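Here the structure comes first, spelled out in structure tokens, and everything after it is commentary.
In the authors' numbering, the protein residues as written are 1 to 130.
Here is the structure:
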């Protein structure tokens, strides 16, 4: 499913993402926007290293979920990468919380550095009641 902006913001808030390890809801929103356009079903294959990015946060198979076909990979979220393509994003949010428990936090995603870091991200949550 492709979330509407404010619908997603409220969905993430209910799931405990607001301020999780220091990360505001607007930063999570900016991440989802630029990674996937708020799209849970998106996959993107990285020909360079044979990994794939999954779902609304485009979480990578090399480190975070198992898809069986990424060489040398581990599965730190202990999930099939299939779980990251559901309309319900509970598992994707649990896995995003796992990513940012590591030292880099939200810097783990390069698109966040490019598109969100050091920017005014208030617009992503404007009017959403969050």
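Every residue, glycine too, gets a C-beta built ideally from N, C-alpha and C.
So what does residue i bridge to, in DSSP terms?
| i | result |
| --- | --- |
| residue 39 | 2 |
| residue 51 | 46 |
| residue 80 | 66 |
| residue 59 | 54 |
Thinking residue i and residue j are a contact (beta carbons under 8 Å), I'd like their distance in whole angstroms, please.
| i | j | result |
| --- | --- | --- |
| residue 93 | residue 39 | With 8 Å as the limit, residue 93 and residue 39 do not qualify as a contact, their Cβ atoms being about 15 Å apart. |
Does the beta-carbon of residue i have 16 or more other beta-carbons within 10 angstroms, so that it is buried, or is it exposed?
| i | result |
| --- | --- |
| residue 49 | exposed |
| residue 87 | exposed |
| residue 9 | buried |
| residue 104 | exposed |
| residue 127 | exposed |
Between residue i and the rest of its own chain, which residues show a CB-CB distance below 6 Å, the 5 nearest in sequence each way excluded?
| i | result |
| --- | --- |
| residue 108 | 99 |
| residue 18 | 25 |
| residue 83 | 91 |
| residue 30 | 116, 121, 124 |
| residue 58 | 35, 36 |
Reducing DSSP to helix, strand and coil, say where residue i ends up.
| i | result |
| --- | --- |
| residue 23 | strand |
| residue 89 | coil |
| residue 30 | helix |
| residue 128 | coil |
| residue 114 | helix |
| residue 104 | coil |
| residue 73 | coil |
| residue 15 | coil |
Are any of the Cβ atoms in chain D nearer than 8 Å to that of residue i?
| i | result |
| --- | --- |
| residue 40 | Chain labels in this structure do not include chain D; a single protein chain is all it has. |
Leaving out the 5 sequence neighbours to the left and right, which residues in its chain are closer than 7 Å to residue i when beta-carbon positions are compared?
| i | result |
| --- | --- |
| residue 26 | 121, 122, 124, 125 |
| residue 74 | 63 |
Can you list, in chain order, the residues of its chain whose CB lies under 8 Å from that of residue i, leaving out five sequence neighbours each side?
| i | result |
| --- | --- |
| residue 13 | 25, 130 |
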